[PDB]
C-alpha cells in the first residue's frame, strides 16, 4: 500500500518523530513523508511511534482506497490537531462543580496532616539509631488532637478559620487547651458532640485517615464519625512514660515557621472568601465522593513527597524538627515544615490535574474490529447489542449505565462486551474500559486470549498478571517504614504484580506521582485493561496502606466489565456490591457479563449502582438531572434498553426480559443430556473405587460419543472435581490403574496449584487442541500433537481425558465430547454443560454428561456437603445430599441457564439446590427474613468497620512459594518461600512423589518446568531467576509437614 | 477563475461550525474548548455546501460562495429533514446563486413543455427509463462494485428490472409510477442486503433507523440532493418545475433528478460501508468517490438535456 | 527496530551521489552546482541498495546499512554489467551483511544436497516448474495486468507454456534446460511485444538496445537480482551455491532465484512502461509496485524453502 | 596493515579508495599487491567508489567493511566455491574448504572429533597465554600457576573422552567456571559471578561482554576469509544461530579476553582504553591467523 505520513508534532516530539519516520519513509514536504509499505511494516511503524510518544506527538497516516478517495488509517498522539478527515486548520486562536472545595480541604489537611510528628517521642524515635521502640500513639492521632487544640472545643466554623487567617498570631497558649488520651478520666473523642465544628471534623477525618482507615469496634455506624475513639486508631499498651512522651513538644509545633503560618493563613482566607463554603459543612462531611477524592489526593501527594530528597528551597532552613530519615543511611532527611508544605503543594497540583484526566489519558479510537459487521448468522446478536448500545450512547453518557450481558456460554460474549462498551463511547475521543475477570489469579494465557478475541495488541490492551495478595508484610516491612518516619513509602501496588503493557508511557499526566515504568502508571495509561476483580477490590476494601489509589484512579478514568461476576463465593458478594457502588460513585459505567445471573444479585447490584450514581450526579455534570439509570439487557436473541429510577421498575423490566429469553430458550434443540450416576460409598480407597468406576463410565461415554476417521476413534472428555487434594488422589488412582480395556487413555491434570507458567502452558495446549467444529475430523486427525500420540500406539480407540478443578469453568473455551462432573452448585453444572459440544452442532440423543449422585465431601461423611465451593451452611442446611432428590428430573433433558436466571416459586430452600441458592442470594443481597445497603445508607464509608464485618476472601491464609533455581547452579531447583521481599529456602518441606503407570496410559498436555521457565525467560528478556520469582508463584496453605511435588500432578499436601 | 461546475469533485457537509470569511478566504470555525480552529473550504472545487445542525453563515461568506457558483443548503442533522410541514417534509433549503447568469435554452424548452400534463408524464417515463438503465449498468456491467464485495444475484436483479420496466410501459398516471418506483426500491434494498450478507434489512422512514444501512441511506440522500440541485441550477431550470415528485415535495425537480443515481450508486455503497464498519465521514467520502468515478453529475446534466430536447 | 526483511517495500538505485552518515542518518548527497542536497534513505524499509555510475560509500554509512540487514551492490550504469571478464560478465558486486546471524536449517539442507549433480539438476527442474507456473498465473489468471493494457493471446501463451513444460520433462542435462529457457524467453518477448502493440521487438544483449523495451528489461534485471540476493541472504544460503546458472555467472544462485520473477512480472511491465512513454524512474516504481503487490520476495523465499525441503 | 599475512589480508584506515589513471590509489588526507589474493578490509574513516570496486572486482580482490581495528566485520564480499561442478569464470580464487567442511560435518563422529580438536586447541591456548607467556602476568596479572595447570589438566582429562556433544559442552562450561574463579583470585578482584545476557553492571562483566563482541567479530572475519558459512557449527547445537562464529571465537575468548578484562577492571580504565588494549593483545598473539590455521588444520586432519 501507499501511505502518507503527516506530522504536527512540536518541541521535543518533532525531533523524535523525524528520527523515527526518516527511517521508514521518504520526505515530500517540510513535515510530510510518503512510502510504499506492507501491513506488517505499517503495524511496526505504528507501534514504534506509539512507544516513544510525548504529549506533543501528532502523526497521521493516510491511505488511498479507491481513486479520489483517501482514508485516514490512524492518528498517533494528539488527535485534536486533525479533523475527522485528517485535515489541518489554517489558523488556531484562543464540569467539576466541587473541585475548589476538594482542593481547599486537601491542602488544609495536608498542612495539618503531619503536625503530630513534633512530639518528643517521635523525634527521639527518629533519632534513635539503636533498637527501635514502638510509639505509644500514632502520629495521625496526635495530629488530630493538635487540630482539636488549635480549633478549640465548641468553636464556630468561622472563628477558628479567621484566627488561623490572622498572620499576626503567635498565641501558643492554645497548646494548653489541648487534651491528652494518655491522661486519665478518658477524654471525649474529638468527634463526639461539639468537640469539633462541622468542617474541622472533615479536616480531622482527613488527617486521621491519611495512613489507615479508622477501623474500631461496635446505630454506631450511622453516627459516624462521632464514635471514633483513641482505641480505634492504633494505640498500644505501654508504660505511662511512653504515653506521656508523645504529648510533650520541646522544640515547638511548626507554628513558629513563617512560611507554614503564611500558607495556613492564605488557605484559611481562601476558604472564608468562598461563598457558602462554611454552609455545606455537614453535607461535605458525610459526602462519600468529596471525602474519598480528597483522601486519594492527600495520600498520593504524601506518598510522592515522602520519597523526594531533601529540599532547602522551602521551609525554615534551620528548623529544629524533622519528618523522616533516609532508609539508605538513617540520617535525618526532611524538616517537618518542608514536608508539610511539599505535601500541600503536591495536593494542590494533583487537585488541579485531576479534571484534565478525561482528555490527557490515552484512549482507544477508530477501531474497526468493533464496528465491522459480521457475516455469519451465528454471531448476529453482537450487532444487535452494538446497535442497542449506540442508540443509548447519549442518554448513557448523560445519566449512567447498568448493562447485563445474559447471553449463553459459547456465543462469544467477550467481543460483545468490547463492542458494547466501545459503542457507549464518544466516537471522536475513543473508549476506555476494564475487563475484570471473576478469577482468583489471571494467567498470561487468559490475557493473550482476551487480546486475540478483542483483536487488540499489547499497545492497546494491558494485562495485570498474577493475583492480589493479602497483607503479609504488614508486620515486618511496616516496622522499617515507620522507623524511617515515612510510612507512606510502600508501593501503591504490590511488588510481584506486573503489568504487561507496551504503549504510551512517556509523558503521562500522572507520571510525576506514579512514576514512569511503575505498575500504577502502566495500569492507568492503558486504554483497555485485563485484570481480575480481586485487583479492583482494593479500591473499596483497603484499610491499611495506599493500595486504594491506582484501582480508584482506574475506576474514575474507565468503564467496567465484570466477567463471570457470579463465580464469586456467597461470602464475597458484599465486597462486590461495594465495588459496584464505588464504580457508580466515581462516574464509571458497569456492564455485568454472566450467563447465570440470578434476579436477587442483579437487583442488589443495580441498587448499589443507582445509589452511587445519585451522589456522582450531585457533583459532576449539569445540576438537576434525574437519576434515571440507562439499564440495558443483552442476549443471544435480542437487546433492549430502558431508563429506571427505582428498583421497582428495573425488577419488572428484568423479569420481562428473562421471561422472553426463557420462552426463546425452550424452543432450542437439545445438545446436552445429563444422566445421574450412583457411586458406591478414606482417600486411598475411595479414590481407588472412583477410578475403578470411571473406567467403565469413560468407556461407555466414549462408545456413545466419539469421532471416527480411518477406523480410529478419538474422544475428548473432562472430569471435574470439587477440591484439589481429592483430584490429585483420584489422578494417582487412575494413573496406577491403566486403560479399562484396549482403550488407550491420555490424561491431563489441570488445577490451580501448578506454577503459574506451568498452568499457562497447560492452558495454552488445552486451548489449541480442544478447538472443534462440525465435520472437522480431517483437520482433527492432522494436528501434530494428536498425530504423534495416535501414530505411536496401535489401538484404534483413544480417550483424551482432562482432569480439572473448578478453575476450568471460567475463561476456558473447550469443546468436549463427554463429561463426568461432581455436583457442587447449579452454576457449575450449567457452565460445564455449556462446554460439551459447544462449538459443534448435531446431537445423537445419547447421554453425554454424567453427574455423580453425591460429591466426595458427602462420601467422606462431612456435613455440610455442599461447601467450598457451594452454598450449604449450618444456618441453611439441606435435608439430602443425593442428586436424585435435589434436582428436578425434567432438568436432565435440557440443561441451560433457565434454572438459574429465573426464580422458582414457592421456594423450597432445604430440598432443591437452586432453591437454596436463590434463597441465600435473596437473603443476603436484598434483605428477606449488618446489611449490604448500610454501605451507602449510613456513613459507614468513613470507617473500615464494614470491610472487617464482611471481609473479602477471608478464611485461609495462603503463602507464596516458588521453585527458584539456585543462584550458583541453574540446574538445581530450590523450594523457596516469599516471606518479606526475600525468598527464603525451604528444601526440607518438599519431597518427590512417585507415580505408577498402568497398561496403555500416558499423560498428554503437560509441560516441563525447566524448559517452560527458560522459554518464557527468553521471551520476556528477563533473568531466569527473576522470571522464576516473577511468574512462578504457587499459593499453598501453610502445612507443618510439607508437600509432595510432581511435575504432572502439582504440589500435593503431605502429612 | 474556478473549475467548470460540472467538473468539480468536492462536496461539503458541515456541522457545529461557523462559516465566515477570514482574510479573504471562506473558512468555517470549530470551537475546541480553549481554541478556535479555522478550516478552509475549497470553493473553486466544491459543487455545494450542506449546513447541518448548529451551523451559521455570514453575508460575506455567502457572497464569496455565490461568486463561484457554489450552492448552499440548510439540511438537518442525523438524516432528518429541516422540518416536517404536517404530512410532508422538506430536507434542504436551497440558496441558489442569483448574480450568475445561466444558459437560456433548456429553460425555455422546460417551460414550454412543462405545462402539459401528458407531455410532463412523458418526461417522467423517460426519467424512469434512465434510472432503470443506470441501475442495471452499475449493479451488473461494472467491475468496481464487484471487486469491493458487492455480489448481486444477476438473475434476480434482471427479473426485478424487467418487471419494473414492464410496469413502467403500462403506467396510466403518476400514482402508479410512484408505486412502481417504491416497489423497485424495496426489492433493490432486499437484493442489496442479501448481496453484502448484511442480514435482514427493513427500511425505516424519517431517519428513525438504528442500523448502519438506514443511517447511511438517509445521509446519502443528502449528497444525491446536492448533486441534483447543482445540475438543475447549472442548466438554468428552476427547482420547482418537477415532473414526478411535485405532488408532495417543494422543489421536486431536485428529487426527480437525484432519483437517477440514488438507487444505482448510493444504495450499494451504503451496505458496503455498513459491512466495513465505516463512520459517516468514510461513507460520505466513499459515496463522493463513487459519484465522481461514475460521473453522476454529467449523467444528470445529460439526462436533463435529453428530456428537454425530446420534449419538443 | 526495523521491519522484517521479507516485509520491506523499498528498493533504491542510486547514481552520481555520495552515500554517507549525516547526523546519525544514512543519506546520499547530490551536487546541484552551487549547493549540495542531502536525501534520506529509509533503511528500515529498504531491502537493498544499488550504486550505479559515479556513486561512493563510506565506512560509517556501510556500517549503518549492515545493521538493519540492507544489502549493497555496485552495479553499472545504463543496464551495463560492472565489467566483462572476457566471455562472461558480472553485474552486481554484492556486499552481504556479516554481523547479522542467519537461520541455520536451510543452509544445511542446501549444502547437503548441493554436491550431487543429479540432486542438483532435480533442483533446477523444480525451479523451472515454478517459473512456468508463475508465468502462467501472472500473464493469464490475474486481472491487474489486463486492466493496464496487457492483452496476451491466451491460446498462444498456453501452447508456448505447454511446449516449454514438455521440453522440460525430457531435459537430459543443464544445457538443454538453458536452451529451453532461452527459447521460452524469446517466444515470451515476441508475445509481449504483440500484446501491447509495441511493434517488432528484437532483444539486444549487453545493454546495446536503443528502444525503450530493451533498456527497461536491462534495468529491471537489476531489481530482480536485488530481490533474489535479498531472499538468498535471508534464508542464509550463500550466493555461490547455484543450481542452474553456475557455469558462467559468479554468485549464480541470485540469477537462478531472479529467473522466477524476471519473465512473469518484469517482462509485461517493461512493455507497458515503454508504451506509456515512461522514464526509467517511473518504470522502476511500476516494477516495484508489481513486485510488492504480487509478493515476489515471499514467492522467492517459499520456492527456495520448498526446493530445500524436497531435496531431502 | 597486514592483519593476517597467512591469508593475505590488509586493513585500510582513514583513506579514500578511488581510481585515477586506471589504477586504484588510496589517497589518504600505498603499494599493495593487487591480485587474486589481496582481500582488503576497509576500516574507520574510509570511503570507496564504484570505479574502485570495479577495478577491485576484476582482480579477484574481495572487499569487506570492518569496524575500528579489524572487528566487527559489518559486511563483506561473498567467497565463491571451487567445486568442479561450477565453473566460475573470473579473476577470483574460489576456496575449497567448504567442500571438506560439508564432507565431514554431517557425520556426528567426525563432528565430535573436530569439536574435541577445537577444545584441545582452546586449552593449549589457555596454558600458553596464562603460563608460558608472563607478559600478561608481568603487566599485573600474577596467577596461581599450579592451580591453573591443575585445572587445565583436569579439563584435558575430561575432554579426552566421554563422547556426546552435551558432555563436551558441560566440560567446557566447568572449565570456564573454574577459570573465572581462578582469574578472580589471581587479580584479587574478589567474589565475582558472570551475569548472563550481559546484564551485569560490574566492570568485569561489561568488559567481558565487550571482549566477547570483539572475538565474535574476529571469528566472523576468519570464517569469511576461509569461506565457511556460520551455520555449520562444530561445538554448538545445529539450531544455534551463528554457531561456527561462537566456536571459532571461543579459542581466543578465554585465553586473551578474560585476563585483559580483569586487568582493565583493576586499573579502572575506560571502555575505549580497554578495547584498545584488547585489540593490541589480539594483534600480538596473531589471533586471527591462529583461528584461520586451526580451522584449516581441523578441515585437513579429518579427510
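Sequence positions for chain C are given in Swiss-Prot numbering; the residues included correspond to 10-321, in order.
Per the header: electron microscopy, 3.5 Å.
Placement of Cβ uses the backbone N, Cα and C atoms for every residue, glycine included.
Reduced to three states, the DSSP call for residue C:254 (Mn(2+) binding site) is coil. With a cut-off of 8 Å between CB atoms and residues at least 6 apart in sequence, the same chain places C:261, C:264, C:265, C:268 near residue C:254 (Mn(2+) binding site), listed in sequence order. Per Swiss-Prot, the feature Mn(2+) binding site maps to C:190, C:254, C:268; the stated evidence is experimental evidence.
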Identify, in sequence order, the residues in the chain of residue C:190 (Mn(2+) binding site) that are 6 or more apart from it along the sequence and have a CB within less than 8 Å of its CB; answer 'none' if there are none. C:137, C:268
How many other Cβ atoms are found within 10 Å of the Cβ atom of residue C:268 (Mn(2+) binding site), counting all protein chains shown? 20
Would you list the other residues of this chain near Mn(2+) - those whose C-beta lies within 8 angstroms of the C-beta centroid of C:190, C:254, C:268 - in sequence order? C:136, C:137, C:140, C:187, C:253, C:264, C:265
Tell me whether residue C:190 (Mn(2+) binding site) sits in a helix, a strand or coil according to DSSP. helix
In three-state DSSP terms, the structure that residue C:268 (Mn(2+) binding site) belongs to: helix
